[PDB]
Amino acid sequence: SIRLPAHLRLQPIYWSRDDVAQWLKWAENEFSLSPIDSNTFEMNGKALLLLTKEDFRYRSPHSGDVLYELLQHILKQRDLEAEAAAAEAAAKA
């Protein structure tokens, strides 16, 4: 299972630049990746989401694909939570 730090459990589009940086530090240790420099992703989450897998690979040759697929997994689980809260809000109202 993937358990994010509780402060990062928001949809990545709302991630600050700092949130992005904390995501990388967490991912590095969680996935035993080669050290990721702090300034490889100088952007907020809504910028991060515009990047392609190729972009991740150019920025992080060692871990880019892992970081990209991690993001896809995060996006997926948030999307599910969004439609679980959506179906229930319509169920009450």
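Don't overthink the numbering: it's just position in the shown sequence, from 1.
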Got a sec? Mean C-alpha B-factor, which is higher, 47-55 or 34-42? 34-42
Would the CA B-factor of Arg9 place it in the lowest, middle or highest third of its chain? highest
On the chain's distribution of Cα B-factors, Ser16 falls within the third called lowest
For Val66, the third of its chain by CA B-factor is the highest
Based on the entry's values, in what third of the chain does the Cα temperature factor of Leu80 lie: lowest, middle or highest? middle
